[PDB]
Chemist: 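The structure follows.
In the text below, chain A, chain B and the rest are named by the order of the sequence lines, each starting its count at 1. These numbers come from the heavy atoms of this one structure, side chains and all, not from hydrogens, waters or symmetry mates.
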Amino acid sequence: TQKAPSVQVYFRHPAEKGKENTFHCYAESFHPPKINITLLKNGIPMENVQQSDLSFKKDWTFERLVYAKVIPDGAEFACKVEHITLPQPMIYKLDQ
Amino acid sequence: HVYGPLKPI
Amino acid sequence: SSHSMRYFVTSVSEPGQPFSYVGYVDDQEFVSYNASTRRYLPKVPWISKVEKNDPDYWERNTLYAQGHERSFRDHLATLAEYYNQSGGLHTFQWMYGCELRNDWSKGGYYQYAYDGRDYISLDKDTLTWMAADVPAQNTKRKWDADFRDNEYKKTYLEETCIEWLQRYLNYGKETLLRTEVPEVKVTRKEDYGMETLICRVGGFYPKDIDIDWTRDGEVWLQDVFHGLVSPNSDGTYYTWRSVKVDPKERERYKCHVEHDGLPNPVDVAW
């Protein structure tokens with residue numbers, strides 16, 4: 001009945017230095033819906049962050065999208081997810 | 001359009 | 001290849017991150033009731049077209065959505081009693097909507113869940129309620145006997161919901177029925193002694209897509225993993241698919257992608 005988040009991080013386009021992009025962190029398949037999702041650039045929370053409304057699937061598990069505009073350069077992007085099923089916060093690093 | 005008023009459970 | 005209108009309502013009793021009410025046409029969100037706003041709000045430009053004929057659309061939906069929020073607070077309190085729970089954090093969820101298929105047949109559903117498990121749902125075809133357990137049989141009672149209200153729901157699911165869905169599809173056809181071409185990129189991960197070939201497929205719409213790694217042209221699933229199909233903020237989708245491939249054997253593997261945006265399927269190698 002408690003279910004842990006399945007999480008995924010990605011850019012809208014494959015990165016390019018100086019070319020503006022959108023960084024996303026997406027969580028799904030979790031329960032209860034309380035969840036905290038923080039976009040990190042080099043470990044520091046990003047500013048100007050947006051988050052979608054809370055919806056769920058036909059199996060009742062919740063979904064949440066979190067994103068922010070950003071300009072890549074050769075600087076690290078990650079996502080910190082906290083949830084009742086996660087005893088420690090879990091960081092999802094974006095590669096490429 | 002949302003559904004109208006609901007009844008007690 | 002059908003279309004649907006879908007509402008998703010979520011109520012939590014002890015607080016968090018704190019009511020939620022979202023409306024979709026074909027997984028495009030078009031309205032939401034911001035439990036902060038206490039207003040049912042537009043989420044896309046095309047839904048304002050409802051205002052010429054129905055200038056009261058936003059007030060009516062707001063009053064109803066507010067009504068549902070108050071009802072859900074009551075529901076959460078009653079279910080604590082039904083399940084005799086002194087009281088922790090609990091969840092009540094409601095999903096309902098209709099489906100209009102391409103053959104002009106239709107379907108609909110109307111379902112409630114307590115703490116993420118089914119609680120009760122309406123069977124439109126028998127006009128009775130399916131309780132998931134013996135506490136829900138309390139609810140099955142009152143509701144099985146409310147013949148008139150049960151018919152409002154059948155009418156809503158079979159007619160009212162379909163009529164709005166058909167209005168919405170015309171209102172928002174330019175974005176609801178668009179296609180965006182997948183963007184397929186193959187990368188290669190480790191030099192040091194097998195390689196993982198990654199196929200990134202992004203920027204596609206609608207959501208439905210067929211991605212497979214092939215080997216000498218044939219679909220291949222050994223040592224093949226895949227990501228979530230996840231939404232970009234511009235309403236487009238993203239995912240990936242990987243395969244572990246062999247020394248000296250890279251050229252046998254291609255990432256095969258089929259989608260409405262591709263008149264012909266694409267096959268991408270490293």
Side-chain angles (χ1 to χ4, degrees), chain A residues 1-16 20-39 48-70 79-85 92 94-96, chain C residues 6-24 27 29 31-35 41 43 88-95 97 109 111-119 183-185 187 189 198 200 202-203 227-240:
Chain A
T1 314
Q2 287 210 130
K3 294 156 192 209
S6 295
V7 177
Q8 178 150 288
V9 299
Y10 48 100
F11 285 140
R12 164 67 177 86
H13 311 277
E16 291 221 78
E20 197 183 14
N21 209 318
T22 306
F23 179 55
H24 309 77
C25 179
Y26 179 67
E28 71 166 15
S29 304
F30 58 94
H31 203 287
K34 167 160 52 166
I35 199 173
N36 187 72
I37 296 150
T38 299
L39 282 36
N48 288 172
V49 176
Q50 306 240 269
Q51 83 168 26
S52 74
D53 298 316
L54 175 71
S55 70
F56 49 92
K57 303 180 208 291
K58 66 202 256 196
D59 72 358
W60 304 108
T61 64
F62 293 95
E63 327 166 317
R64 176 80 74 183
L65 177 70
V66 183
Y67 61 94
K69 282 198 298 251
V70 79
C79 169
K80 183 187 157 181
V81 176
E82 312 162 67
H83 187 246
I84 188 96
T85 62
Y92 295 78
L94 163 78
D95 73 310
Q96 305 201 83
Chain C
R6 279 145 43 242
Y7 286 102
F8 301 87
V9 192
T10 296
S11 210
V12 189
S13 211
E14 290 295 56
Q17 302 86 341
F19 203 58
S20 193
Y21 206 140
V22 189
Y24 289 80
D27 70 47
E29 173 184 355
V31 287
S32 92
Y33 171 85
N34 164 344
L41 293 181
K43 297 295 283 178
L89 178 158
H90 301 291
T91 302
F92 198 76
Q93 284 163 284
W94 178 31
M95 53 188 293
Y109 59 93
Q111 309 175 242
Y112 297 102
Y114 188 51
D115 291 327
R117 296 176 318 259
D118 297 341
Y119 179 76
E183 307 138 25
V184 188
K185 170 120 173 291
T187 55
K189 264 275 261 173
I198 301 172
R200 155 205 260 265
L228 307 169
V229 181
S230 55
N232 298 122
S233 66
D234 72 350
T236 207
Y237 290 90
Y238 163 90
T239 190
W240 61 263

Chemist: Checking C/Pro18 against chain A: side chain, backbone, both or neither under 4.5 Å from a heavy atom?
Modeler: neither
Chemist: With a 4.5 Å cut-off on side-chain heavy atoms, are C/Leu89 and A/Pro32 touching?
Modeler: yes
Chemist: For C/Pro231, is there any backbone N or O sitting under 3.5 Å from a side-chain donor or acceptor partner on A/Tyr10?
Modeler: yes
Chemist: With heavy-atom distances below 4.5 Å as the criterion, would you say the side chains of A/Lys57 and C/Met95 are in contact?
Modeler: no
Chemist: Quick one: what part of C/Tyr112 sits under 4.5 Å from any heavy atom of chain A, side chain, backbone, both or neither?
Modeler: backbone
Chemist: So, does C/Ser230 use its side chain to make a donor-acceptor pair with the main chain of A/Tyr26 at under 3.5 Å?
Modeler: no
Chemist: Sort A/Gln50 into side chain, backbone, both or neither according to what part of it lies under 4.5 angstrom from a heavy atom of chain C.
Modeler: neither
Chemist: Can you tell me how far the CG atom of A/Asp53 sits from the OH atom of C/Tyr21, to the nearest 0.5 Å?
Modeler: 14.0 Å
Chemist: Work out which heavy atom in A/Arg64 is nearest to a heavy atom in C/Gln17; give both atom names and the distance.
Modeler: NH2-O, 3.8 Å
Chemist: To the nearest 0.5 Å, tell me how far A/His24 NE2 sits from C/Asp234 CG.
Modeler: 6.5 Å
Chemist: Run the side chain to side chain contact (heavy atoms under 4.5 Å, CB included) check on A/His13 and C/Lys185 step by step: do they pass?
Modeler: CA-CA 10 Å; A/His13 311 277; C/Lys185 170 120 173 291; over 6 Å; no
Chemist: Can you tell me which of C/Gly227, C/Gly116, C/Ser233 forms the most heavy-atom pairs within a distance under 4.5 Å of chain A?
Modeler: C/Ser233
Chemist: With only heavy atoms counted, which part of A/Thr22 is less than 4.5 Å from chain C, the side chain, the backbone, both or neither?
Modeler: side chain
Chemist: What residue in C/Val22, C/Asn34, C/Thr239, C/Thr10 has the most heavy-atom pairs under 4.5 Å with chain A?
Modeler: C/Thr10
Chemist: Just to verify, which of C/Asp115, C/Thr91, C/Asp118 counts as forming a side chain to side chain donor-acceptor pair (under 3.5 Å) with A/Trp60?
Modeler: C/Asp118
Chemist: Name the region of A/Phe56, side chain, backbone, both or neither, that has any atom closer than 4.5 Å to a heavy atom of chain C.
Modeler: both
Chemist: Is chain C contacted by the side chain of A/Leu65, its backbone, both, or neither, given a heavy-atom distance below 4.5 Å?
Modeler: side chain
Chemist: Given a strict heavy-atom distance threshold of 4.5 Å, which part of A/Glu28 is in contact with chain C: side chain, backbone, both, or neither?
Modeler: side chain
Chemist: Is A/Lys69 close to chain C through its backbone or its side chain, or both, or neither, when contacts mean heavy atoms under 4.5 Å?
Modeler: neither
Chemist: Given that the side chain runs from C-beta out, which part of C/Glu29 has a heavy atom under 4.5 Å from chain A: side chain, backbone, both or neither?
Modeler: side chain
Chemist: Tell me if the CG atom of A/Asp59 is crowded by more than 12 foreign heavy atoms within 6.0 Å.
Modeler: yes
Chemist: Given heavy-atom pairs under 4.5 angstrom as the criterion, report whether the side chain, backbone, both or neither of A/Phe11 touches chain C.
Modeler: both
Chemist: To the nearest 0.5 Å, tell me how far A/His31 NE2 sits from C/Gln93 CD.
Modeler: 4.5 Å
Chemist: Quick check: closest heavy atoms across C/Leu228 and A/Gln8, and the distance to 0.1 Å?
Modeler: O-NE2, 2.7 Å
Chemist: Atom CD of A/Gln96 and atom CD1 of C/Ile198: how far apart are they, to the nearest 0.5 Å?
Modeler: 5.0 Å
Chemist: Measure the shortest side-chain to side-chain distance between C/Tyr109 and A/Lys58 over non-hydrogen atoms and say whether it is less than 4.5 angstrom.
Modeler: no
